[PDB]
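Written below as structure tokens is the structure these notes are about.
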Amino acid sequence: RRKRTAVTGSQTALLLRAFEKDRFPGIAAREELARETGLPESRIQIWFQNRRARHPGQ
């Protein structure tokens with residue numbers, strides 16, 4: 001178990017917008033999102049994975 005990352009409302013909103021542009025960001029795009037959101041890139045990867053599995057689109 002790693003410590004569960006607290007994702008804020010504003011962070012979620014920014015991730016949802018990037019998801020609309022590309023559902024499979026590569027590591028460079030994820031590192032950009034990491035810098036923009038404050039989340040570690042590793043956590044952005046997991047966020048996108050879960051999003052794809054649970055709420056694709058909309």
Side-chain angles (χ1 to χ4, degrees):
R1 297 252 66 98
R2 298 170 19 108
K3 171 68 68 281
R4 161 179 298 181
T5 307
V7 177
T8 70
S10 60
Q11 288 172 322
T12 299
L14 285 179
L15 298 168
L16 293 153
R17 287 163 143 273
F19 191 87
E20 290 178 351
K21 296 261 96 44
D22 186 359
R23 290 141 105 101
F24 301 84
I27 190 156
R30 290 195 313 256
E31 289 175 10
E32 180 173 69
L33 272 165
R35 296 179 209 104
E36 162 171 70
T37 60
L39 292 159
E41 180 276 321
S42 68
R43 302 307 90 196
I44 295 163
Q45 167 138 254
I46 292 162
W47 187 95
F48 275 76
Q49 287 179 12
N50 280 326
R51 191 84 187 168
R52 293 197 292 270
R54 294 174 168 160
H55 194 300
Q58 260 170 319

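Heavy-atom basis, side chains included; hydrogens, waters and symmetry copies ignored. All residue numbers in this chain count up from 1 along the given sequence.
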For the atom pair [atom1] ([X]) and [atom2] ([Y]), what is the distance rounded to the nearest 0.5 Å?
X	Y	atom1	atom2	value
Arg17	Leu33	CZ	CG	11.5 Å
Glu32	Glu41	CD	CD	12.5 Å
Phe24	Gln45	CZ	CD	11.0 Å
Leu15	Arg30	CG	CZ	12.5 Å
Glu20	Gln58	CD	CD	10.5 Å
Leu39	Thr8	CG	OG1	7.0 Å

(request) For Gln11 and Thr37, indicate whether the former's side chain and the latter's backbone hold a donor-acceptor pair under 3.5 Å. (result) yes
(request) Report yes or no: does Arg52 contribute a side-chain atom to a donor-acceptor pair with the main-chain N or O of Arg23 at less than 3.5 Å? (result) yes
(message) What verdict does the side chain to side chain contact (heavy atoms under 4.5 Å, CB included) test give for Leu16 and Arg51, after you've listed the backbone C-alpha separation in whole Å, the side-chain angles of each residue and the deciding distance to 0.1 Å?
(response) CA-CA 9 Å; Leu16 293 153; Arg51 191 84 187 168; 3.2 Å; yes
(request) Name the orientation class of the two ring planes belonging to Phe19 and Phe48 (parallel below 30°, tilted from 30 to 60°, perpendicular beyond 60°). (result) tilted
(message) Using every non-hydrogen atom in the two residues, find where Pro40 and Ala34 come nearest and quote the distance to one decimal.
(response)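 That would be C-CB, 4.3 Å.
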